[PDB]
Amino acid sequence: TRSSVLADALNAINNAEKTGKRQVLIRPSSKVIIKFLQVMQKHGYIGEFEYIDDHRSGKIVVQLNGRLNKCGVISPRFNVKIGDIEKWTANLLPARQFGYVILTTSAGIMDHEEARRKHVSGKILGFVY
Amino acid sequence: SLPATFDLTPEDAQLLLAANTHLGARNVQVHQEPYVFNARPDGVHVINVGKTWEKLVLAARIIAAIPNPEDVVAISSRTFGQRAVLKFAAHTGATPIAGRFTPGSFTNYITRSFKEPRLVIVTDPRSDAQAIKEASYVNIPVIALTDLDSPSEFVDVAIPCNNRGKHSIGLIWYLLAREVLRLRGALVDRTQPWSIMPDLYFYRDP
Amino acid sequence: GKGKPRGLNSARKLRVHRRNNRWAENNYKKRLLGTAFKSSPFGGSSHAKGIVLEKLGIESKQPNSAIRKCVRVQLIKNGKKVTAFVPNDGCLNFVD
Amino acid sequence: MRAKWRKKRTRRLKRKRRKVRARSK
Amino acid sequence: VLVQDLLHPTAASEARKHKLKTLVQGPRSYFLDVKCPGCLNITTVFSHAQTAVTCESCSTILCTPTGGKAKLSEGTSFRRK
Amino acid sequence: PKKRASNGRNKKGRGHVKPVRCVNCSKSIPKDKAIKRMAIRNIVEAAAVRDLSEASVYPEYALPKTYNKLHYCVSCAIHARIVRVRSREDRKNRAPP
Amino acid sequence: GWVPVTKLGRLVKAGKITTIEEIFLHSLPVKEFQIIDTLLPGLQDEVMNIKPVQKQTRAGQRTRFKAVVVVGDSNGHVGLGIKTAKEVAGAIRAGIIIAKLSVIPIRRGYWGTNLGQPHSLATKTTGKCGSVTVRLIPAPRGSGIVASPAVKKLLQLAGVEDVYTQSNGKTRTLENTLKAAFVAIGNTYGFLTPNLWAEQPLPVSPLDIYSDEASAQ
Amino acid sequence: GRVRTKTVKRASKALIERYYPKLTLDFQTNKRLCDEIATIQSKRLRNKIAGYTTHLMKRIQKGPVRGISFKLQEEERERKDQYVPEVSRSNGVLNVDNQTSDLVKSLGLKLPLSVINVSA
Amino acid sequence: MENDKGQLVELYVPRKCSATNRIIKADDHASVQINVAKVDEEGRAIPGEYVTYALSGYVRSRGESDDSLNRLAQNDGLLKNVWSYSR
RNA sequence: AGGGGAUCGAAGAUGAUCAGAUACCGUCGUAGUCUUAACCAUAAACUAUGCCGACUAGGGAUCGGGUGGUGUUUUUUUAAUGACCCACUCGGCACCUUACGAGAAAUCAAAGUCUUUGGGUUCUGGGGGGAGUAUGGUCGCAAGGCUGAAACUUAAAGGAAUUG
Ligand SMILES: [Mg+2]
Ligand SMILES: [Mg+2]
Ligand SMILES: [Mg+2]
Ligand SMILES: [Mg+2]
Ligand SMILES: [Mg+2]
Ligand SMILES: [Mg+2]
Ligand SMILES: [Mg+2]
Ligand SMILES: [Mg+2]
Ligand SMILES: [Mg+2]
Ligand SMILES: [Mg+2]
Ligand SMILES: [Mg+2]
Ligand SMILES: [Mg+2]
Ligand SMILES: [Mg+2]
Ligand SMILES: [Mg+2]
Ligand SMILES: [Mg+2]
Ligand SMILES: [Mg+2]
Ligand SMILES: [Zn+2]
Ligand SMILES: [Zn+2]
């Protein structure tokens with residue numbers, strides 16, 4: 001049964017990119033999906049998305065460009081202890097110059113650089129490069 | 001960048017439906033074709049010839065755009081296109097290849113078939129598939145005469161025709177030649193039906 | 001995801017499976033079964049000293065043809081009897 | 001030998017040790 | 001393909017699709033006002049019947065059920081709303 | 001390794017068909033995997049038809065062939081009948097002639 | 001004497017193209033080694049491996065010899081050529097030429113500070129030919145090249161200074177390991193880092209600009 | 001069997017390729033041509049050659065022969081080129097389909113109307 | 001890709017598929033650059049002046065070269081109708 | 001344990017074949033094959049390929065359901081039916097071509113979306129032999145099923161493709 005709703009939305013985006021498309025219709029959207037879509041958009045990796053309101057749970061159309069190689073989800077939302085965030089981005093980012101690990105803290109769903117500046121920590125969501 | 005009176009003229013529209021260039025393929029119909037226009041019942045699909053015309057215009061606009069008009073290359077192993085291409089070649093720059101292709105023409109300098117163009121035109125990407133393929137080994141843009149069932153991998157700018165036979169491919173090749181001259185070329189102004197008969201291009205007999 | 005539970009609480013299972021499958025490791029199994037201490041002529045220790053029973057002339061394995069000169073030794077801590085080889089030309093003349 | 005008949009070889013072989021052991025129960 | 005409007009798809013190709021796979025999903029059944037001029041008033045019916053709907057006063061019939069849409073009974077009429 | 005996608009022969013979504021007996025050696029073989037020919041042929045033959053009508057009553061008669069379906073066991077199919085052996089590729093071709 | 005064939009060959013000797021980055025820009029298929037010779041003469045070769053192969057024929061074995069050469073400068077241009085002939089020298093002769101032809105660019109970069117002249121890679125990059133996968137990792141300066149002697153020597157001639165390597169597969173079969181470490185560095189210029197999201201007008205093709213000054217006779 | 005080897009036929013090709021004006025349907029003189037024009041090491045092989053280049057020649061006269069092209073042909077075809085005088089606006093009007101006419105309407109303008117239905 | 005003090009380091013900034021903004025790397029000899037010529041008043045094709053587009057080999061292999069050309073040229077003003085953003 | 005026992009037919013006996021021929025081939029034919037009541041629980045029980053969910057790509061068939069039509073054929077008086085034809089749509093059994101992609105390959109619309117390594121979950125494997133052996137437990141009338149080692153030995157055994 002449908003497990004991480006985030007997961008499907010991310011994976012869908014990645015197969016649109018790979019297949020060279022510019023649009024995705026994801027389903028079923030969520031507070032979290034938006035706030036993840038919201039981060040990527042903030043940093044270039046996708047264009048403009050749009051919530052469509054089926055009276056159900058939602059759909060989203062994402063418009064993307066091609067600045068994006070991969071946007072994955074970390075499927076157990078592990079806990080990260082502000083030291084451990086270094087070791088995450090190391091394992092799964094292409095280099096120290098770009099790309100973000102995005103996680104979830106009490107202080108909000110944010111990428112790790114904002115996490116580092118705000119200096120809070122929490123659970124790990126996924127990543128974008 | 002829209003010219004002015006490079007719209008589809010009535011004389012051209014007449015020209016096309018006599019050749020039946022709007023008569024696209026049967027049941028068979030490649031996903032990658034919006035060049036359609038309402039299926040005629042009893043298994044025939046009518047073709048938006050304005051787009052045919054509008055693409056023809058682009059075709060010409062790129063054929064003429066190549067510094068030396070002779071390393072633009074026409075191909076047709078299909079007999080119905082050989083007398084066509086030979087004639088297209090004649091009037092414009094363009095080196096012709098009618099008959100058997102002979103593979104290794106584009107890779108392998110060592111061949112005596114060896115060409116090396118900046119652009120390729122083609123009449124039936126099924127039968128001429130060789131050309132289409134070989135060019136993609138070596139970044140050579142491809143123009144193509146396509147029906148509703150033709151394979152559109154590695155051809156850019158489709159010209160929706162009817163390689164079912166008759167006068168269409170001839171017509172299309174003619175108009176191709178007509179408009180390339182009508183660009184930067186040894187032609188003339190308006191209506192200008194152009195001296196050369198369209199039946200000049202054509203497969204002959206018996 | 002094939003196999004392994006990816007849950008956040010699935011630690012226990014994930015631990016247990018490992019314990020289970022370490023047994024398919026030749027060395028781990030040897031270590032815990034105490035195979036060393038149990039079987040094995042030496043204690044499990046590096047050397048062992050014993051006493052010479054008979055001088056032997058073991059024929060080598062193919063594709064080699066030879067007589068290999070060995071000694072049946074009866075280990076001192078053990079009584080276990082063992083046949084040992086006597087390295088280098090002659091040397092079997094040093095034993096008795 | 002055919003695996004099938006090697007399995008039969010040892011099917012029997014066990015039946016005899018099953019037998020000989022009984023003599024001693 | 002490769003680039004298209006997922007947001008504003010053509011009515012036609014949206015039309016042919018399954019009822020659960022339209023942009024926002026919705027039904028494809030309708031209601032009607034059915035007469036059999038013996039009477040004067042008009043009973044509203046669902047396009048899909050299951051229950052073989054009987055008219056207001058007369059035990060007449062009206063429609064029969066099917067795999068889907070009801071079969072309306074011989075001498076009748078209908079509007080749809 | 002594997003050699004055919006139809007494996008032995010023609011069986012997908014079923015798990016058990018039911019054996020026929022080889023017309024030549026009587027070997028059992030699943031019916032889907034069988035190999036078959038309608039042995040349609042004339043009762044008379046080549047030469048006999050003239051000598052048939054010649055020494056018969058009625059005008060030209062009518063003539064009614066025999067029809068019997070043939071079931072071969074692969075080996076029996078291979079040893080004589082339809083078989084040869086094909087190239088790696090020709091194998092794939094399901095067309096009869 | 002040279003005498004080229006190919007539009008591109010002619011344009012080169014005709015001093016109308018100066019560097020390959022030009023050729024790489026418009027992705028022009030090289031087909032005559034002398035092109036990358038005049039274009040890039042600091043090229044020094046290196047025969048990495050030589051191994052016998054054998055074929056049986058309806059009348060005779062055939063033991064010819066397979067040789068693997070790597071050529072490059074040490075300033076961003078590498079080549080991996082592999083060829084088998086029946087004499088070791090002519091096997092080495094031919095492979096070098098293909099290794100010339102093979103010559104591809106490398107995108108190097110900064111471990112993680114903007115300082116003087118790139119020493120490492122742009123990203124992590126994987127190459128897999130056959131069963132070996134070769135993974136390349138950006139390393140801090142002076143890390144060295146952390147790789148087996150062969151894959152090292154290819155990373156050096158490639159011009160890398162500091163990189164980490166991790167290999168996976170039956171790596172003892174060199175022919176596939178280098179073919180993979182080759183891909184791994186050849187893949188550094190497929191990788192859209194942010195600093196390349198900038199739009200370029202889209203250059204004109206050497207073939208059309210010196211169209212006249214090329215063309216056959 | 002008298003099948004001519006490749007060295008024979010290969011020479012014959014090349015010779016016709018570049019000395020078609022000169023040579024004839026006559027072996028006797030095509031023979032003598034070969035001396036002045038080709039270097040061969042044996043009488044036998046030379047007649048063997050000219051014998052066939054004479055054969056090849058003799059049927060180029062009645063149509064082309066694949067293998068050989070002296071460019072005279074590719075441009076004999078170019079001046080041999082023309083036909084027509086009748087084309088394909090007669091008689092009456094362009095007969096079209098139902099929707100072909102709908103096509104014209106829904107894009108353009110003037111056309112002779114001549115419609116027809118059809119069936120399964 | 002600059003460096004410490006300005007200085008454009010790292011050679012060769014690659015092209016880009018005008019249809020998928022992915023990089024058009026070197027060994028991709030299946031990619032294509034189409035020059036569409038600018039014309040002027042009454043035919044006349046103005047030699048040496050182009051509206052140009054570059055398409056990755058990936059795109060051409062997938063067949064998406066034509067429909068993608070369509071969209072690009074038209075929304076750049078050299079086709080009217082032909083293409084449709086809805087489907 | 002009853003019934004049944006036509007047929008074919010482990011065992012057995014034979015005629016031949018053979019140097020031998022405990023077989024292949026021919027004959028005779030016990031159990032069996034069938035059925036009831038109870039066991040047994042194993043098959044290359046096979047797709048040698050866990051299940052749930054998402055995504056990624058073209059094509060013509062077909063099985064069931066449905067929707068649409070001034071479609072065909074059935075005549076009667078048009079219909080109503082039914083069968084048929086065309087388009088579409090769910091959900092089946094499959095084939096086709098492709099291959100962005102995967103693989104050691106053979107091949108694979110999954111065996112894809114993996115060193116750019118994380119949707120959820122179950123189970124099994126860790127060189128070969130020793131060996132599915134010894135042992136103990138347990139199930140069974142039995143035959144046997146399930147669970148299931150070690151000592152010792154050993155440099156290969158193995159897979160897919162190639163040329164002979
Ligand atoms: Mg075990
Ligand atoms: Mg002893
Ligand atoms: Mg003691
Ligand atoms: Mg007793
Ligand atoms: Mg076999
Ligand atoms: Mg079964
Ligand atoms: Mg070595
Ligand atoms: Mg019986
Ligand atoms: Mg017997
Ligand atoms: Mg006997
Ligand atoms: Mg016996
Ligand atoms: Mg089993
Ligand atoms: Mg099976
Ligand atoms: Mg499909
Ligand atoms: Mg050995
Ligand atoms: Mg094998
Ligand atoms: Zn009523
Ligand atoms: Zn048989």
# chains A, B, ... in the order shown; residues from 1 in each chain; ligands from 1
>>> residues_around(residues="residue 75 of chain I", least_positions_apart="5", cutoff="12 Å", atoms="only C-alpha atoms (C1' of nucleotides)", output="PyMOL selection string")
(chain B and resi 1-2) or (chain I and resi 68-70+80-85)
>>> residues_near_ligand(ligand="ligand 11", cutoff="10 Å", atoms="only C-alpha atoms (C1' of nucleotides) and all ligand atoms", output="list in words")
residues 11, 12, 22 and 23 of chain J
>>> residues_near_ligand(ligand="ligand 5", cutoff="10 Å", atoms="only C-alpha atoms (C1' of nucleotides) and all ligand atoms", output="JSON, numbers by chain")
{"F": [1, 2, 3]}
>>> write_last_selection(atoms="N, CA and C atoms", output="PDB file, in the first residue's frame")
ATOM      1  N   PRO F   1      21.771 -22.601 -21.197  1.00  0.00           N
ATOM      2  CA  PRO F   1      20.661 -22.091 -20.394  1.00  0.00           C
ATOM      3  C   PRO F   1      19.312 -22.371 -21.049  1.00  0.00           C
ATOM      4  N   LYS F   2      18.330 -21.507 -20.759  1.00  0.00           N
ATOM      5  CA  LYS F   2      17.047 -21.480 -21.449  1.00  0.00           C
ATOM      6  C   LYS F   2      17.266 -21.568 -22.959  1.00  0.00           C
ATOM      7  N   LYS F   3      16.258 -21.990 -23.706  1.00  0.00           N
ATOM      8  CA  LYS F   3      16.444 -22.092 -25.143  1.00  0.00           C
ATOM      9  C   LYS F   3      15.216 -21.574 -25.874  1.00  0.00           C
TER      10      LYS F   3
END
>>> interface_residues(of="chain J", to="chain C", cutoff="9 Å", atoms="only C-alpha atoms (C1' of nucleotides)", output="PDB file with N, CA and C atoms (P, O5', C5', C4', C3', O3' and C1' of nucleotides), in the first residue's frame")
ATOM      1  P     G J 118      19.300   2.633  -3.722  1.00  0.00           P
ATOM      2  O5'   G J 118      18.943   2.978  -2.223  1.00  0.00           O
ATOM      3  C5'   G J 118      18.116   4.085  -1.944  1.00  0.00           C
ATOM      4  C4'   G J 118      16.938   3.694  -1.108  1.00  0.00           C
ATOM      5  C3'   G J 118      15.961   4.817  -0.881  1.00  0.00           C
ATOM      6  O3'   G J 118      14.689   4.244  -0.615  1.00  0.00           O
ATOM      7  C1'   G J 118      16.897   4.213   1.166  1.00  0.00           C
ATOM      8  P     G J 119      13.819   3.521  -1.770  1.00  0.00           P
ATOM      9  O5'   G J 119      12.361   3.531  -1.148  1.00  0.00           O
ATOM     10  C5'   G J 119      11.926   4.675  -0.442  1.00  0.00           C
ATOM     11  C4'   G J 119      10.525   4.521   0.069  1.00  0.00           C
ATOM     12  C3'   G J 119      10.278   3.321   0.948  1.00  0.00           C
ATOM     13  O3'   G J 119      10.712   3.552   2.272  1.00  0.00           O
ATOM     14  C1'   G J 119       8.579   3.459  -0.677  1.00  0.00           C
ATOM     15  P     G J 120      11.212   2.335   3.197  1.00  0.00           P
ATOM     16  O5'   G J 120       9.916   1.392   3.290  1.00  0.00           O
ATOM     17  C5'   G J 120       8.813   1.724   4.133  1.00  0.00           C
ATOM     18  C4'   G J 120       7.772   0.630   4.189  1.00  0.00           C
ATOM     19  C3'   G J 120       8.247  -0.757   4.588  1.00  0.00           C
ATOM     20  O3'   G J 120       8.545  -0.920   5.965  1.00  0.00           O
ATOM     21  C1'   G J 120       6.804  -0.952   2.744  1.00  0.00           C
ATOM     22  P     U J 121       9.795  -1.848   6.359  1.00  0.00           P
ATOM     23  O5'   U J 121       9.270  -3.330   6.099  1.00  0.00           O
ATOM     24  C5'   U J 121       8.246  -3.906   6.893  1.00  0.00           C
ATOM     25  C4'   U J 121       7.726  -5.182   6.278  1.00  0.00           C
ATOM     26  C3'   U J 121       8.697  -6.346   6.177  1.00  0.00           C
ATOM     27  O3'   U J 121       8.854  -7.074   7.365  1.00  0.00           O
ATOM     28  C1'   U J 121       7.579  -6.103   4.132  1.00  0.00           C
ATOM     29  P     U J 122      10.241  -7.808   7.626  1.00  0.00           P
ATOM     30  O5'   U J 122       9.999  -9.322   7.230  1.00  0.00           O
ATOM     31  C5'   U J 122       8.717  -9.897   7.331  1.00  0.00           C
ATOM     32  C4'   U J 122       8.525 -11.048   6.374  1.00  0.00           C
ATOM     33  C3'   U J 122       9.676 -12.016   6.166  1.00  0.00           C
ATOM     34  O3'   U J 122       9.870 -12.910   7.255  1.00  0.00           O
ATOM     35  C1'   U J 122       8.610 -11.556   4.099  1.00  0.00           C
ATOM     36  P     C J 123      11.331 -13.241   7.855  1.00  0.00           P
ATOM     37  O5'   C J 123      11.899 -14.405   6.940  1.00  0.00           O
ATOM     38  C5'   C J 123      11.058 -15.474   6.584  1.00  0.00           C
ATOM     39  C4'   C J 123      11.421 -16.100   5.261  1.00  0.00           C
ATOM     40  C3'   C J 123      12.873 -16.471   5.026  1.00  0.00           C
ATOM     41  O3'   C J 123      13.291 -17.615   5.755  1.00  0.00           O
ATOM     42  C1'   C J 123      11.975 -15.514   3.062  1.00  0.00           C
ATOM     43  P     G J 126      25.148 -21.171   2.427  1.00  0.00           P
ATOM     44  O5'   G J 126      26.285 -20.106   2.148  1.00  0.00           O
ATOM     45  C5'   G J 126      26.908 -20.039   0.875  1.00  0.00           C
ATOM     46  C4'   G J 126      27.945 -18.946   0.818  1.00  0.00           C
ATOM     47  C3'   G J 126      28.964 -18.940   1.962  1.00  0.00           C
ATOM     48  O3'   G J 126      30.273 -18.828   1.439  1.00  0.00           O
ATOM     49  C1'   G J 126      28.044 -16.771   1.653  1.00  0.00           C
ATOM     50  P     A J 151      34.876 -28.673  11.820  1.00  0.00           P
ATOM     51  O5'   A J 151      35.736 -30.014  11.883  1.00  0.00           O
ATOM     52  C5'   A J 151      36.153 -30.530  13.133  1.00  0.00           C
ATOM     53  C4'   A J 151      36.606 -31.960  13.029  1.00  0.00           C
ATOM     54  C3'   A J 151      37.656 -32.262  11.991  1.00  0.00           C
ATOM     55  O3'   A J 151      38.950 -31.924  12.426  1.00  0.00           O
ATOM     56  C1'   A J 151      35.951 -33.855  11.829  1.00  0.00           C
TER      57        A J 151
END
>>> interface_residues(of="chain E", to="chain A", cutoff="9 Å", atoms="only C-alpha atoms", output="CSV table (one decimal) with N, CA and C atoms, in the first residue's frame")
chain,number,residue,atom,x,y,z
E,1,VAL,N,4.1,15.5,-26.2
E,1,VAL,CA,5.1,14.7,-25.5
E,1,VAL,C,6.4,15.4,-25.3
E,2,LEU,N,7.1,15.2,-24.2
E,2,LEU,CA,8.3,16.0,-23.7
E,2,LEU,C,8.0,17.3,-23.1
E,3,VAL,N,7.0,18.0,-23.7
E,3,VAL,CA,6.6,19.3,-23.2
E,3,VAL,C,5.1,19.5,-23.5
E,4,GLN,N,4.3,19.6,-22.5
E,4,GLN,CA,2.8,19.8,-22.7
E,4,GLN,C,2.1,20.3,-21.5
E,5,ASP,N,0.8,20.7,-21.7
E,5,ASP,CA,0.0,21.3,-20.7
E,5,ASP,C,-0.7,20.3,-19.9
E,6,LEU,N,-0.2,19.9,-18.7
E,6,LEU,CA,-0.9,19.0,-17.9
E,6,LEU,C,-2.1,19.7,-17.3
E,7,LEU,N,-2.0,21.0,-17.1
E,7,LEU,CA,-2.9,21.8,-16.4
E,7,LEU,C,-4.2,22.1,-17.2
E,23,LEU,N,-8.8,15.0,-14.9
E,23,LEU,CA,-7.9,15.8,-14.2
E,23,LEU,C,-8.3,15.9,-12.7
E,24,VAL,N,-9.5,16.4,-12.4
E,24,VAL,CA,-10.2,16.1,-11.2
E,24,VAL,C,-11.2,15.1,-11.6
E,25,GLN,N,-11.3,14.0,-10.8
E,25,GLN,CA,-12.2,13.0,-11.2
E,25,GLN,C,-13.6,13.4,-10.9
>>> interface_residues(of="chain J", to="chain D", cutoff="12 Å", atoms="only C-alpha atoms (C1' of nucleotides)", output="PyMOL selection string")
chain J and resi 131-134+143-144
>>> atom_distance(atom1="atom CA of residue 132 of chain B", atom2="atom CA of residue 171 of chain B")
22.1 Å
>>> interface_residues(of="chain B", to="chain H", cutoff="7 Å", atoms="only C-alpha atoms", output="PDB file with N, CA, C and O atoms, in the first residue's frame")
ATOM      1  N   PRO B  10      -3.644  29.682 -52.538  1.00  0.00           N
ATOM      2  CA  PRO B  10      -4.630  28.816 -53.192  1.00  0.00           C
ATOM      3  C   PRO B  10      -4.030  27.939 -54.285  1.00  0.00           C
ATOM      4  O   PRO B  10      -4.400  26.772 -54.390  1.00  0.00           O
ATOM      5  N   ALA B  18      -4.055  17.657 -55.424  1.00  0.00           N
ATOM      6  CA  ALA B  18      -4.052  16.940 -56.700  1.00  0.00           C
ATOM      7  C   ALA B  18      -3.019  15.841 -56.625  1.00  0.00           C
ATOM      8  O   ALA B  18      -3.136  14.785 -57.248  1.00  0.00           O
ATOM      9  N   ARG B  40     -10.557  10.855 -41.672  1.00  0.00           N
ATOM     10  CA  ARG B  40     -11.566  10.461 -42.641  1.00  0.00           C
ATOM     11  C   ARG B  40     -12.005   9.045 -42.273  1.00  0.00           C
ATOM     12  O   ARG B  40     -11.161   8.183 -42.037  1.00  0.00           O
ATOM     13  N   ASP B  42     -13.476   5.128 -42.674  1.00  0.00           N
ATOM     14  CA  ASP B  42     -12.933   4.055 -43.509  1.00  0.00           C
ATOM     15  C   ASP B  42     -11.416   4.200 -43.582  1.00  0.00           C
ATOM     16  O   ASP B  42     -10.841   4.343 -44.664  1.00  0.00           O
ATOM     17  N   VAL B  46      -6.670  12.464 -42.606  1.00  0.00           N
ATOM     18  CA  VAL B  46      -6.412  13.668 -43.397  1.00  0.00           C
ATOM     19  C   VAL B  46      -5.327  14.535 -42.776  1.00  0.00           C
ATOM     20  O   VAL B  46      -5.275  14.692 -41.556  1.00  0.00           O
ATOM     21  N   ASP B 199       5.526  18.292 -62.841  1.00  0.00           N
ATOM     22  CA  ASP B 199       5.636  16.906 -63.290  1.00  0.00           C
ATOM     23  C   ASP B 199       7.064  16.563 -63.737  1.00  0.00           C
ATOM     24  O   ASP B 199       7.335  15.429 -64.131  1.00  0.00           O
ATOM     25  N   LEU B 200       7.968  17.541 -63.678  1.00  0.00           N
ATOM     26  CA  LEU B 200       9.384  17.303 -63.972  1.00  0.00           C
ATOM     27  C   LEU B 200       9.968  16.328 -62.950  1.00  0.00           C
ATOM     28  O   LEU B 200      10.546  15.302 -63.305  1.00  0.00           O
TER      29      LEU B 200
END
